[PDB]
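Presented as structure tokens, the chain that follows is alone, the form deposited in one PDB entry.
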């Protein structure tokens, strides 16, 4: 060794290519590993040289040392990790490749590495390199990152800072090389669990890109994509150009894999939230029928049934094709099972959702007869009363069930036939006393159904007998706009 090391002239660049090849021999590589100065000579050199054949080689050696435990440790303790990182700057693709593969080694096995990479800027650099074109290279890099980001939030915030979400989202959108799409999907998912990073990932096109890969053959990917999309699915109610994603999901509902059927269902429930296009997209690719079919095929499995009903709940209201969707549910035999889900062993969350869906289906007049003829009413009341005591005297506040069941009855009360049942289960004395409730949301619905019930003379009498003019009128100046309006309508309807 001796001579080699020393030199500060045209002399040492010659010395350079000279050691890269002893690194190849086993007891030679092993040899230099047991030297303190042999390593720190490559290091100082590799960074402070400017001959593109001197670097390529010094880097090359380190890569060869990085396979063994005393190989790695000697590298690390030789302050090489600061160096290896500046080499991530080198234009020479032969060095980029030496460095990023090396570091990967370092992070995977060596102790105190992740810190050193971070502290030296590693992250902000590794994120800059995602514009490179070599897939074999990216997939390694997007791993180093996943390594540095796992269970470390400072790091995930710095990859947000750098424009990572864009970079990675571009990859998902450009390449098809699995090992890459995979390691890159893993990172996305890891950042998918951050307050901030979520919207970023979304706005960059995260949703639309992940879903090019749902019908992929590799399952170790379609997973990641599904899960990841599920996380983000609540940030993503704002986006456009989903036509693709929606239509795909609506087809994975057919998947004879329970754990993919739930994710398909979960994710839709969210992307159908509030966004009036997403609803229409979903309806036209036959989504109503797909959901119903999925609900029947799921039975007592409430991880599937809960989401799917929320989704049907969403699609049955507040968009141009909702009347379509309310009929669709009737025509594809959804009514009988929707109702049967108000029965045990359904749990309240699910029962909460299902009443909401029934509230909506009831707006469609065709669904008045059909819903009546499945005893949706007698059952809604059952729950209403059970619930209106669990309060007077969880998993969900019973107030929500009381409001839910009276709203649903409100809507159903529109049909004169229904109106007759409703009254004849001795409900009226119970509607009137809901007025006196601390919750306005409850007073609003209560007064609503009364208003409808009270379009019949004999009922207006019945409703007046309960002394309903006492609190309708003290609500007549209620803080709540909806509360106060209905009060007028019932009072107006008993005087005619």
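Residue numbers count along the first chain shown, from 1.
Undergrad: For the stretch from residue 393 to residue 394, please bin the deposited residues that the model skips: none, 1 to 3, 4 to 9, or 10 or more.
TA: Gap size class: 10 or more residues without coordinates, per the record.
Undergrad: What stretch has the higher average Cα B-factor here, 64 to 72 or 440 to 448?
TA: The deposited B-factors put 64 to 72 ahead on the C-alpha mean.
Undergrad: For the stretches 130 to 138 and 87 to 95, which has the higher mean C-alpha B-factor as given in the deposited record?
TA: Here the higher of the two C-alpha B-factor means belongs to 87 to 95.
Undergrad: In terms of recorded Cα temperature factor, pick the maximum from 307, 345, 82, 151.
TA: Spelled out: the listed residue with the top C-alpha B-factor is 82.
Undergrad: Which one, 110, 102, 197, 418, has the peak C-alpha temperature factor per the PDB entry?
TA: Of the options given, 110 has the highest CA B-factor in the PDB entry.
Undergrad: Would you please rank residue 296 by its C-alpha temperature factor against the other modelled residues of its chain and give the third it falls in: lowest, middle or highest?
TA: Lowest third.
Undergrad: Comparing against every modelled residue in the chain, figure out the third that the C-alpha B-factor of residue 251 lands in (lowest, middle or highest).
TA: Lowest third, going by the recorded CA B-factors of the chain.
Undergrad: Could you tell me which third, lowest, middle or highest, the C-alpha B-factor of residue 261 occupies within its chain?
TA: Ranked within chain, residue 261 CA B lands in the lowest tercile.
Undergrad: In terms of the CA temperature factor given in the entry, to which third of its chain does residue 220 belong: lowest, middle or highest?
TA: CA B-factor rank for residue 220: middle third.
Undergrad: What third of the chain, by the recorded C-alpha B-factor, contains residue 180?
TA: Its C-alpha B-factor, which the entry lists for residue 180, ranks in the middle third among residues of this chain.
Quick note: we don't show the form deposited in another entry, though the next part is all about it.
Undergrad: Any idea which of 302, 244, 174, 284 is the hinge when one rigid bit rotates relative to the other between this form and the one not shown?
TA: Looking at the options, the one at the hinge is 244.
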